[PDB]
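Presented below is the structure to which this report refers.
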Amino acid sequence: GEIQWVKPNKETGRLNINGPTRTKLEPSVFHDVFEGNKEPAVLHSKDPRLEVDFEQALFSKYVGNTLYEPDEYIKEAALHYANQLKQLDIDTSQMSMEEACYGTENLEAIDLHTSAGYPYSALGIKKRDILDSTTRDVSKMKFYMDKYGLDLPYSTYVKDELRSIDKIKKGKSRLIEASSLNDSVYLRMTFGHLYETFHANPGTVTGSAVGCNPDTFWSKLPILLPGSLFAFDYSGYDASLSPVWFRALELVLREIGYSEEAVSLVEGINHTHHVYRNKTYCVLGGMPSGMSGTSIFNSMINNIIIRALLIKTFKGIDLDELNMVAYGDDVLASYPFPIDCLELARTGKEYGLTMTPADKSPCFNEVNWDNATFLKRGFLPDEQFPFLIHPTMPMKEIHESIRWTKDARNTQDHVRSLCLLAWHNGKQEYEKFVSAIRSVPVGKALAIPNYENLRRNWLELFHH
RNA sequence: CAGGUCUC
RNA sequence: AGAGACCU
Ligand SMILES: [Zn+2]
């Protein structure tokens with residue numbers, strides 16, 4: 001992805017978009033009970049912690065574009081994935097607007113507690129002034145769709161969240177691209193049924209883990225991904241995507257039966273306009289974060305990428321022997337013979353992708369079940385039932401989360417959620433966690449899950 | 001002050 | 001009808 005131009009909002013006729021600049025994060029009652037290094041992200045050009053220019057760091061993720069049109073490998077890769085998806089009989093028919101706005105069994109309703117985006121936000125028009133869960137009306141939405149159209153610019157905001165101490169200094173806070181309500185509705189009308197299919201089928205047919213529940217999905221993964229594992233990290237995956245990958249997505253969508261009207265929306269994702277503050281800018285390539293379908297489309301593109309890297313890097317690859325799941329840019333894959341990602345990453349550089357070792361070393365070392373991570377979680381066989389696999393969120397991440405809060409009124413839920421993640425690291429680690437929690441007065445006032453109850457509830461998901 | 005998934 | 005966890 002690459003910024004094509006920047007213009008003042010006076011020249012483009014767009015309204016200003018500034019957004020909050022003070023974090024909602026505050027040190028919690030546990031801030032000094034646990035060690036951690038993260039702090040609230042830089043949200044302002046004049047944050048005293050900065051050590052470089054903010055805006056430059058902010059937009060550095062747009063590293064440029066390499067290829068614009070698919071080569072032989074990307075074409076083969078897209079067609080192999082599209083063929084695989086065919087066995088799901090995805091309904092390519094337009095979803096009803098009533099269902100696109102208000103949801104189905106497998107598609108959550110549009111979030112009514114968030115902004116409606118351009119231009120509604122600057123006009124003080126909330127989503128609840130157009131949509132109504134009880135009434136399930138679409139007359140008002142249809143009116144505002146035809147009034148304001150589609151391809152409305154995204155509103156850029158800096159994401160208020162914890163960041164490591166290095167990304168505080170380097171200004172590397174994350175951006176979110178607030179979609180317009182209109183575009184969300186139209187994207188959900190067009191691809192709603194694909195979203196349903198994907199949400200209902202996390203695994204190696206979709207090649208996607210969106211919709212997985214790790215408590216039970218982890219036990220399936222060693223069976224879905226037999227053989228030798230390989231994985232790696234992307235730096236700034238979304239923003240690094242060249243236009244070739246959206247062309248490749250078009251190939252996938254057409255081959256599974258999408259009408260030319262449906263497939264023509266991908267260029268609206270490849271080529272987007274954004275309002276940050278008092279300026280409008282154009283982005284060519286790069287997936288917008290904050291668009292309907294971001295997770296799923298990023299995961300679909302990744303399935304194309306892994307396939308194409310393999311058949312371009314190595315001779316004699318059989319794509320039918322690849323196994324993989326992707327959650328956006330996060331990937332865990334298997335193949336009958338070991339795969340050298342040092343070579344995958346060189347090929348990836350040609351495609352404009354920056355890939356680094358999974359263990360965060362400078363060297364690409366073997367990935368196996370004892371060091372693989374996915375959605376930041378490790379894989380740990382149960383001690384009693386070794387076919388049942390614990391997802392292990394590192395205690396270090398749990399410590400970072402517990403040290404801060406955005407609303408201390410919900411401390412008990414926050415801690416309970418972390419306990420639900422933490423017990424998977426075993427009885428000694430869990431008891432040490434609860435006992436540290438209990439070493440301060442708020443901690444003694446909390447209902448904390450008992451470890452034996454946690455383990456028993458988890459076993460009951462499997463009936464064993 | 002976005003799009004999602006998961007869980008209480 | 002709420003909350004928290006997690007991914008972009
Ligand atoms: Zn443009």
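Order of the sequence lines fixes the chain letters, A, B, ..., with proteins taken first and strands second; residue numbering starts at 1 for each chain.
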Next on the checklist: Considering every strand and a 4.0 Å limit on heavy-atom distances, what is the contact class for A:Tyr327: base, sugar-phosphate, or nothing?
Outcome noted: base

Next on the checklist: Regarding A:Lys38 and A:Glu397, does a basic nitrogen lie under 4.0 Å from an acidic carboxylate oxygen?
Outcome noted: yes

Checklist entry - Between A:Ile398 (CD1) and C:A5 (P), how many Å, whole number? => result 12 Å

Next on the checklist: Could you tell me how far apart A:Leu421 (CG) and C:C6 (P) are, to the nearest whole angstrom?
Outcome noted: 7 Å

Checklist entry - For A:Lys127 and B:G3, is the shortest distance between a side-chain N/O and OP1 or OP2 below 4.0 Å? => result yes

Checklist entry - For residues A:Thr104 and A:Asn106, is any side-chain donor paired with an opposing acceptor at under 3.5 Å? => result no

Using atom names, set out every protein N or O paired with an N or O of nucleotides 6-8 of chain B below 3.5 Å, distance rounded to 0.1 Å.
residue	atom	partner	partner atom	Å
B:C6	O2'	A:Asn213	OD1	3.0

Item to check | Between C:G4 (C1') and A:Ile448 (CD1): distance, integer Å | outcome: 13 Å

Next on the checklist: Check the phosphate of B:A2 against A:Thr156, side-chain N and O only, distance under 4.0 Å to OP1 or OP2. Yes or no?
Outcome noted: no

Next on the checklist: Expressed as a whole number of angstroms, how long is the span from A:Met393:CE to C:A5:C1'?
Outcome noted: 8 Å

Next on the checklist: What is the separation between atom CH2 on A:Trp404 and atom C1' on C:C6, rounded to the nearest whole Å?
Outcome noted: 20 Å

Item to check | Upstream residue (5' side of RNA chain B) when A:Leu107 and A:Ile176 are each assigned their closest nucleotide | outcome: A:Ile176

Item to check | A:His193 and A:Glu196: side chain donor to acceptor below 3.5 Å | outcome: yes

Next on the checklist: Tell me whether the side-chain N/O atoms of A:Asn410 come closer than 4.0 Å to OP1 or OP2 in C:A3.
Outcome noted: no

Checklist entry - Between A:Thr134 and A:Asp132, do the side chains contain an N or O donor and an N or O acceptor separated by less than 3.5 Å? => result yes

Next on the checklist: Starting the side chain at C-beta, find the nucleotide from B:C1, B:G3, C:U8 nearest to A:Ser289.
Outcome noted: C:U8

Checklist entry - Say you draw a straight line from CZ of A:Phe232 to CZ of A:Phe230; how long is it, rounded to the nearest 0.5 Å? => result 7.0 Å

Checklist entry - In whole Å, what is the span from the CG atom of A:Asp238 to the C1' atom of C:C7? => result 10 Å

Checklist entry - Given the rule in the ring-ring contact (aromatic ring centres under 6.0 Å, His included) test, do A:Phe379 and A:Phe374 qualify, once you have shown the distances and angles that lead to the verdict? => result CA-CA 9 Å; A:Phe379 295 76; A:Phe374 185 59; 7.4 Å; no

Checklist entry - Within the pair A:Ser295 and B:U5, is there a side-chain N or O less than 4.0 Å away from OP1 or OP2? => result no

Item to check | Integer-rounded Å distance: B:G3 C1' and A:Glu177 CD | outcome: 11 Å

Checklist entry - Going by distance alone, is a donor N or O of one side chain under 3.5 Å from an acceptor N or O of the other, for A:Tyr276 and A:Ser155? => result no

Checklist entry - Taking C-beta and beyond as the side chain, do A:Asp183 and A:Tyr154 meet within less than 4.5 Å on heavy atoms? => result no

Item to check | A:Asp111 side chain, from C-beta outward: closest of B:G3, B:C1, C:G4 | outcome: B:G3

Checklist entry - To the nearest Å, how far apart are A:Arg174 CZ and B:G4 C1'? => result 13 Å

Next on the checklist: Side chain of A:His414 only, heavy atoms from C-beta on: which candidate in B:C1, B:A2, C:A5 is closest?
Outcome noted: C:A5

Next on the checklist: By nearest atom, which of the nucleotides C:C6, B:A2, B:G4 is closest to the A:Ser115 side chain?
Outcome noted: B:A2

Item to check | A:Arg188 vs B:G3: side-chain N/O to OP1/OP2 distance below 4.0 Å | outcome: no

Item to check | Any donor-acceptor N/O pair under 3.5 Å between B:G3 base and A:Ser292 side chain | outcome: no

